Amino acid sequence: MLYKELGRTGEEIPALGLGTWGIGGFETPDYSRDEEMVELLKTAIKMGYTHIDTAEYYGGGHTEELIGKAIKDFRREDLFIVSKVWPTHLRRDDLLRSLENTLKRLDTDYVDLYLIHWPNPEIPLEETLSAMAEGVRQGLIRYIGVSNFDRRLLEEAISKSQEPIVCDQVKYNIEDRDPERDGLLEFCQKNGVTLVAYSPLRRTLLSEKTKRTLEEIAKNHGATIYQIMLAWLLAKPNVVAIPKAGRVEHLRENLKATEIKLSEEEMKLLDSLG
């Protein structure tokens, strides 16, 4: 497992996080593979997927419940657990309730990282960030961050927050390159913010052109195309990735991607795909 520093914390985290969207349901709870999913999560944690990405929204709360069971076989302090508050709950009292229920469902006293899941232009950022600071002061949150903030909003968040904003979790992969067009990745890299790439496999939906260049490079490393697209992200400074893998095979395969060394010319060729 590759490790990288989170923001300017002097703390390193696993550079591959464990995406949990769809585990125990999507927008609503799905109780139908609960034992299988708890066992999957335990096996991922045991393989080294100690950085876990979840949200109150996930499975209508049930994803955090399953994660809550799975983490009982491990020392809590060895795990890096990330949750998120949905844009409907960014008002102070709603945020603190969401935090509390997240903690209840995880059955733990704190989260390692807590994110604004999406910005809500109707709720002043300063209010939301100050409520999150209360969470930190109370020992309920170790670090705060944001998600789906463009460069301007990240700047605005940084100016309005007593606590450091350690990351911006955004969509970023071999095809989806809004963080490059926005100057967001450069901003993060110059200002000690970790960019966390969600949908880092683009849910496997890729054009023919990108598949063609991915295949060449994959075979040169005797890897899969998905391994190449993870290694490409991990090769960039300040970039961490959160693939979702509901199968052992993919958990194992994606872990291997942390020991691929792409050449300079392969990096340039891959950069040229979006």
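Residue numbers here begin at 1 and follow the sequence given.
On mean Cα temperature factor in this entry, is 81-89 or 154-162 the higher one?
Higher mean C-alpha B-factor: 154-162.
Of the two stretches 5-13 and 254-262, which shows the higher Cα B-factor on average in the entry?
Between 5-13 and 254-262, it is 254-262.
Based on what the PDB entry reports, which of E27, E56, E35, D53 has the top C-alpha B-factor?
Top of the list by C-alpha B-factor: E35.
Sorting the chain's modelled residues by C-alpha B-factor, tell me whether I144 ends up in the lowest, middle or highest third.
Its C-alpha B-factor, which the entry lists for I144, ranks in the lowest third among residues of this chain.
Looking at the temperature factor on the CA atom of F187, which third of the chain's modelled residues does it land in?
It falls in the middle third of the chain.
Should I242 be placed in the lowest, middle or highest third of its chain by the C-alpha B factor in the entry?
Middle third of the chain for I242's C-alpha B-factor.
Split the chain's modelled residues into thirds by Cα B-factor; is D73 in the lowest, middle or highest one?
For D73, the deposited C-alpha B-factor lands in the highest third.
Consider only the C-alpha atoms of the modelled residues in this chain, order them by B-factor as the entry records it, and name the third containing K171: lowest, middle or highest.
Lowest third of the chain for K171's C-alpha B-factor.
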